[PDB]
$ cat run-v8.txt   # compact mmCIF, C-alpha atoms
# COMPACT_ATOMS: atom_id res chain seq x y z
CA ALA A 1 174.16 -123.68 39.54
CA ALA A 2 176.16 -126.51 41.10
CA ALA A 3 178.92 -123.94 41.62
CA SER A 4 176.62 -121.69 43.66
CA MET A 5 175.20 -124.59 45.67
CA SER A 6 178.64 -125.87 46.66
CA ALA A 7 179.64 -122.35 47.74
CA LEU A 8 176.59 -121.82 49.97
CA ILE A 9 175.51 -125.24 51.19
CA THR A 10 178.61 -126.82 52.68
CA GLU A 11 179.07 -130.54 53.46
CA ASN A 12 178.54 -129.62 57.10
CA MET A 13 176.04 -126.97 58.19
CA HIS A 14 174.64 -125.52 61.42
CA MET A 15 171.07 -124.37 62.03
CA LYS A 16 169.37 -122.01 64.48
CA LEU A 17 165.60 -122.01 65.01
CA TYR A 18 162.84 -119.97 66.65
CA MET A 19 159.26 -121.26 66.95
CA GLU A 20 156.08 -119.64 68.26
CA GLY A 21 152.51 -120.86 68.34
CA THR A 22 149.38 -122.21 69.94
CA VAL A 23 147.93 -125.68 70.27
CA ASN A 24 144.25 -125.58 71.15
CA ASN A 25 144.45 -122.61 73.52
CA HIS A 26 147.98 -123.07 74.88
CA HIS A 27 150.67 -120.63 73.76
CA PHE A 28 154.35 -121.59 73.69
CA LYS A 29 157.77 -120.71 72.28
CA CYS A 30 160.73 -122.95 71.39
CA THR A 31 164.30 -122.39 70.34
CA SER A 32 166.68 -124.92 68.91
CA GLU A 33 170.16 -125.34 67.52
CA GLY A 34 171.67 -128.17 65.53
CA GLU A 35 173.97 -129.42 62.82
CA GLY A 36 173.92 -131.88 59.98
CA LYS A 37 175.24 -133.02 56.64
CA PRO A 38 172.95 -131.64 53.88
CA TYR A 39 174.13 -134.01 51.12
CA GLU A 40 173.98 -137.11 53.29
CA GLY A 41 170.52 -136.16 54.54
CA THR A 42 171.22 -136.45 58.28
CA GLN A 43 170.77 -133.84 60.99
CA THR A 44 170.33 -133.34 64.73
CA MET A 45 168.33 -130.68 66.51
CA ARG A 46 168.54 -129.88 70.23
CA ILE A 47 165.29 -128.18 71.24
CA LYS A 48 164.18 -126.10 74.25
CA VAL A 49 160.66 -125.06 75.19
CA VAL A 50 161.42 -121.54 76.37
CA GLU A 51 157.86 -120.40 77.08
CA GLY A 52 154.63 -122.16 78.04
CA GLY A 53 156.37 -125.30 79.27
CA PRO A 54 155.71 -127.92 80.27
CA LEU A 55 153.36 -128.30 77.29
CA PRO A 56 149.93 -129.86 77.93
CA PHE A 57 150.19 -131.84 74.67
CA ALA A 58 152.55 -134.50 73.31
CA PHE A 59 155.72 -132.92 71.90
CA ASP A 60 155.48 -135.44 69.03
CA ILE A 61 152.98 -133.17 67.18
CA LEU A 62 155.70 -130.50 66.79
CA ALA A 63 158.35 -132.91 65.47
CA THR A 64 157.90 -132.21 61.75
CA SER A 65 158.10 -128.46 62.25
CA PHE A 66 161.73 -128.39 63.37
CA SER A 68 164.53 -128.84 57.69
CA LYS A 69 164.37 -129.49 53.96
CA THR A 70 167.95 -128.53 53.12
CA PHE A 71 169.04 -131.83 54.67
CA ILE A 72 167.79 -134.37 52.16
CA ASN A 73 170.17 -136.68 50.32
CA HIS A 74 169.03 -136.25 46.72
CA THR A 75 170.08 -139.44 44.98
CA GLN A 76 169.85 -140.48 41.33
CA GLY A 77 170.38 -136.97 39.99
CA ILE A 78 167.06 -135.64 41.28
CA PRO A 79 167.40 -131.82 41.08
CA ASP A 80 167.49 -130.32 44.59
CA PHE A 81 164.81 -127.60 44.80
CA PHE A 82 165.82 -126.72 48.36
CA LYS A 83 169.59 -126.44 47.99
CA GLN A 84 169.16 -124.58 44.68
CA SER A 85 167.00 -122.01 46.45
CA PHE A 86 169.99 -120.34 48.14
CA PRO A 87 171.09 -117.70 48.76
CA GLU A 88 167.49 -116.40 48.60
CA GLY A 89 166.01 -119.30 50.56
CA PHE A 90 162.52 -120.76 50.71
CA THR A 91 159.37 -121.18 52.78
CA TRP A 92 157.07 -124.06 53.54
CA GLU A 93 153.48 -124.22 54.68
CA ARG A 94 151.67 -127.28 55.89
CA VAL A 95 148.47 -128.73 57.30
CA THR A 96 148.67 -131.94 59.30
CA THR A 97 145.25 -133.55 59.79
CA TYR A 98 144.88 -136.23 62.47
CA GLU A 99 142.19 -138.88 62.04
CA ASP A 100 140.74 -138.08 65.48
CA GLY A 101 140.29 -134.41 64.56
CA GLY A 102 143.38 -132.46 65.59
CA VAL A 103 144.50 -130.02 62.91
CA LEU A 104 147.98 -128.52 63.05
CA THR A 105 148.96 -125.81 60.59
CA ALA A 106 152.54 -124.57 60.34
CA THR A 107 154.36 -122.02 58.22
CA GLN A 108 158.13 -121.68 58.08
CA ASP A 109 160.82 -119.42 56.66
CA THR A 110 164.26 -120.76 55.82
CA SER A 111 167.16 -118.34 55.29
CA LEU A 112 170.96 -118.42 55.08
CA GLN A 113 172.73 -115.81 57.20
CA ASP A 114 176.52 -115.77 57.54
CA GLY A 115 176.89 -119.45 56.72
CA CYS A 116 174.19 -120.51 59.20
CA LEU A 117 170.74 -121.87 58.33
CA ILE A 118 168.02 -119.87 60.10
CA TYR A 119 164.49 -121.18 60.69
CA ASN A 120 161.48 -119.12 61.76
CA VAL A 121 158.46 -121.34 62.47
CA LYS A 122 154.85 -120.51 63.39
CA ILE A 123 152.37 -123.11 64.69
CA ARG A 124 148.58 -123.08 65.03
CA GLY A 125 146.90 -126.31 66.11
CA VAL A 126 143.19 -126.65 66.89
CA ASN A 127 140.51 -129.21 67.78
CA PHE A 128 142.82 -131.78 69.39
CA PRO A 129 140.44 -133.99 71.40
CA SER A 130 140.76 -133.04 75.06
CA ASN A 131 140.78 -136.69 76.10
CA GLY A 132 142.71 -138.10 73.14
CA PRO A 133 146.26 -139.50 73.00
CA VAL A 134 147.96 -136.17 72.11
CA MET A 135 146.48 -134.13 74.98
CA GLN A 136 146.87 -137.07 77.37
CA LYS A 137 150.47 -137.69 76.30
CA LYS A 138 150.09 -141.33 75.34
CA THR A 139 152.45 -141.07 72.34
CA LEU A 140 155.79 -142.74 71.65
CA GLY A 141 157.19 -141.14 68.52
CA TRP A 142 156.77 -141.58 64.80
CA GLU A 143 157.14 -144.51 62.45
CA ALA A 144 159.27 -143.99 59.34
CA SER A 145 157.52 -142.32 56.40
CA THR A 146 157.69 -141.69 52.66
CA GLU A 147 156.69 -138.25 51.35
CA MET A 148 155.76 -137.84 47.66
CA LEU A 149 156.95 -134.55 46.19
CA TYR A 150 155.69 -133.23 42.84
CA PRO A 151 156.10 -129.93 40.98
CA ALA A 152 153.11 -127.59 41.05
CA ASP A 153 153.17 -123.94 39.85
CA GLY A 154 156.89 -123.07 40.06
CA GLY A 155 157.09 -124.71 43.50
CA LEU A 156 156.66 -128.20 45.01
CA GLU A 157 153.89 -129.88 46.95
CA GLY A 158 154.25 -132.86 49.25
CA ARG A 159 151.99 -135.60 50.58
CA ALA A 160 152.70 -138.05 53.40
CA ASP A 161 150.78 -140.23 55.82
CA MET A 162 152.49 -140.61 59.20
CA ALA A 163 151.78 -143.07 62.01
CA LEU A 164 152.20 -141.87 65.60
CA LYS A 165 153.00 -144.73 67.98
CA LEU A 166 150.72 -145.03 71.02
CA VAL A 167 151.21 -146.49 74.49
CA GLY A 168 149.66 -149.97 74.50
CA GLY A 169 150.52 -150.52 70.84
CA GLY A 170 148.63 -149.23 67.85
CA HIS A 171 148.90 -145.94 66.05
CA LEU A 172 147.08 -142.68 65.46
CA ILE A 173 147.32 -141.73 61.77
CA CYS A 174 147.71 -138.27 60.26
CA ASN A 175 148.07 -136.79 56.78
CA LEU A 176 150.45 -134.02 55.68
CA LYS A 177 149.74 -131.58 52.85
CA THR A 178 152.63 -129.18 52.24
CA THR A 179 153.51 -126.43 49.79
CA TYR A 180 157.20 -125.61 49.32
CA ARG A 181 157.97 -122.20 47.78
CA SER A 182 161.35 -121.00 46.55
CA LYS A 183 162.34 -117.34 46.96
CA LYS A 184 164.66 -117.77 43.99
CA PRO A 185 163.24 -116.68 40.59
CA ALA A 186 161.81 -119.65 38.67
CA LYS A 187 164.02 -118.91 35.66
CA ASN A 188 166.97 -119.82 37.86
CA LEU A 189 165.55 -123.13 39.11
CA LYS A 190 165.95 -126.62 37.67
CA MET A 191 162.69 -128.33 38.66
CA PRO A 192 162.58 -132.02 39.59
CA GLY A 193 159.84 -134.36 38.40
CA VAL A 194 157.83 -136.48 40.85
CA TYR A 195 159.94 -138.12 43.55
CA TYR A 196 159.88 -139.69 47.02
CA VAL A 197 161.63 -138.84 50.31
CA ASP A 198 162.08 -141.74 52.74
CA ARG A 199 162.58 -140.54 56.31
CA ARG A 200 163.19 -141.83 59.82
CA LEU A 201 162.81 -139.12 62.48
CA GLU A 202 163.76 -140.29 65.98
CA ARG A 203 163.76 -138.74 69.43
CA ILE A 204 167.25 -139.21 70.87
CA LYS A 205 166.94 -137.59 74.29
CA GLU A 206 164.37 -135.74 76.35
CA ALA A 207 164.26 -134.10 79.76
CA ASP A 208 162.10 -131.99 82.06
CA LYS A 209 158.67 -133.15 80.88
CA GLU A 210 159.62 -132.74 77.22
CA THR A 211 160.82 -129.16 77.63
CA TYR A 212 164.17 -130.34 76.31
CA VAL A 213 164.21 -132.70 73.33
CA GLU A 214 166.86 -133.99 70.92
CA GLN A 215 165.70 -135.14 67.47
CA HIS A 216 167.64 -136.82 64.68
CA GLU A 217 166.41 -137.23 61.13
CA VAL A 218 167.70 -139.09 58.12
CA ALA A 219 166.14 -138.31 54.74
CA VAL A 220 166.89 -139.90 51.36
CA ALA A 221 165.21 -138.86 48.08
CA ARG A 222 164.79 -141.34 45.22
CA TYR A 223 162.57 -142.25 42.30
CA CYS A 224 160.58 -145.45 42.39
CA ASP A 225 163.27 -148.12 41.94
CA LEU A 226 160.91 -150.72 40.49
CA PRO A 227 161.07 -151.33 36.71
CA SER A 228 158.55 -149.56 34.44
CA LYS A 229 156.84 -151.24 31.47
CA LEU A 230 156.41 -147.80 29.90
CA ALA A 231 159.99 -146.62 30.47
CA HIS A 232 159.08 -144.02 33.08
CA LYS A 233 161.34 -143.08 36.01
$ encode --input "run-v8.txt" --output "structure tokens"
Amino acid sequence: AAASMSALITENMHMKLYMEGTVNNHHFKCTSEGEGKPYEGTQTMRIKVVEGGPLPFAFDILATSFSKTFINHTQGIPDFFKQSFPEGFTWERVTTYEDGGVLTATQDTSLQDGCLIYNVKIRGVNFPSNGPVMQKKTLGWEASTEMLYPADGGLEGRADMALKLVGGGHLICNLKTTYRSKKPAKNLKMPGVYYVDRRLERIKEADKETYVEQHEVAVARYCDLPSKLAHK
């Protein structure tokens, strides 16, 4: 398995992305391209809003929809995402904001001629017309920890994220995600419960957020604290 993974997921990898969707009633399309180091868990994406720009909502709500192959899996945690190749995997997610916005996203991840290919679809509804997202009072995301746990041959994830607001303070949201491998389960080594620490940062933006550069670093670990019961 390691042999396959090292053949397909190189130390350096490029990605190409297409995104289409609606937020409230506003349609849009985005494309991006980027590169990263899958085993070190770092990556950059350069993103263009190619239709429906400038967006009437804060770009921040799209941030998590632009890359699971780029997680540094430490401590021998089996890598569900890198193992999934060459077949690939999908994810599906609902992000629920505490002021009512709901953003669903589904995504397909494939490997084509040594390049990672993302196809993303977005449908967000009920964002308050006079709230911080629609009025663009946001300033990016705090760091987060996602808990991943095996469920039915795939993985699920849970995270709470804090969106920084102008004037200080935060708007909180919750992420519920299902990660599904296209590789047959017999061929997968499933991890137990683990945690992915992340810091996703906006590096550059231009033209009323119709061009955005994002960088992410992601490191997977167990809980490092000692266990009285001998658990990981």
$ residues_near_point --input "run-v8.txt" --point "(169.6, -124.8, 47.2)" --cutoff "12 Å" --atoms "only C-alpha atoms" --output "tab-separated table (two decimals) with C-alpha atoms, keeping the file's coordinate frame"
chain	number	residue	atom	x	y	z
A	1	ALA	CA	174.16	-123.68	39.54
A	2	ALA	CA	176.16	-126.51	41.10
A	3	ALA	CA	178.92	-123.94	41.62
A	4	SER	CA	176.62	-121.69	43.66
A	5	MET	CA	175.20	-124.59	45.67
A	6	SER	CA	178.64	-125.87	46.66
A	7	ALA	CA	179.64	-122.35	47.74
A	8	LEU	CA	176.59	-121.82	49.97
A	9	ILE	CA	175.51	-125.24	51.19
A	10	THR	CA	178.61	-126.82	52.68
A	38	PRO	CA	172.95	-131.64	53.88
A	39	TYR	CA	174.13	-134.01	51.12
A	69	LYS	CA	164.37	-129.49	53.96
A	70	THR	CA	167.95	-128.53	53.12
A	71	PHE	CA	169.04	-131.83	54.67
A	72	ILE	CA	167.79	-134.37	52.16
A	74	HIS	CA	169.03	-136.25	46.72
A	79	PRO	CA	167.40	-131.82	41.08
A	80	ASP	CA	167.49	-130.32	44.59
A	81	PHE	CA	164.81	-127.60	44.80
A	82	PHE	CA	165.82	-126.72	48.36
A	83	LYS	CA	169.59	-126.44	47.99
A	84	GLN	CA	169.16	-124.58	44.68
A	85	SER	CA	167.00	-122.01	46.45
A	86	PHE	CA	169.99	-120.34	48.14
A	87	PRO	CA	171.09	-117.70	48.76
A	88	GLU	CA	167.49	-116.40	48.60
A	89	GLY	CA	166.01	-119.30	50.56
A	90	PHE	CA	162.52	-120.76	50.71
A	110	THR	CA	164.26	-120.76	55.82
A	111	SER	CA	167.16	-118.34	55.29
A	112	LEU	CA	170.96	-118.42	55.08
A	117	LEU	CA	170.74	-121.87	58.33
A	181	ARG	CA	157.97	-122.20	47.78
A	182	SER	CA	161.35	-121.00	46.55
A	183	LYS	CA	162.34	-117.34	46.96
A	184	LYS	CA	164.66	-117.77	43.99
A	188	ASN	CA	166.97	-119.82	37.86
A	189	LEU	CA	165.55	-123.13	39.11
A	190	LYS	CA	165.95	-126.62	37.67
A	191	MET	CA	162.69	-128.33	38.66
$ residues_around --input "run-v8.txt" --residues "residue 43 (chain A)" --least-positions-apart "5" --cutoff "8 Å" --atoms "all atoms listed in the file" --output "VMD selection string"
chain A and resid 34 to 38 71 216 to 218
$ atom_distance --input "run-v8.txt" --atom1 "CA of residue 230 (chain A)" --atom2 "CA of residue 199 (chain A)"
28.1 Å
$ atom_distance --input "run-v8.txt" --atom1 "CA of residue 61 (chain A)" --atom2 "CA of residue 104 (chain A)"
8.0 Å
$ closest_residue --input "run-v8.txt" --among "A:30, A:95, A:174, A:45" --to "residue 121 (chain A)" --atoms "all atoms listed in the file"
A:30
$ closest_residue --input "run-v8.txt" --among "A:227, A:193, A:21, A:52" --to "residue 106 (chain A)" --atoms "only C-alpha atoms"
A:21
$ axis_aligned_box --input "run-v8.txt" --around "region 100-105 of chain A" --padding-each-side "4 Å" --output "JSON"
{"center_x": 144.6, "center_y": -131.9, "center_z": 63.1, "size_x": 16.7, "size_y": 20.3, "size_z": 13.0}
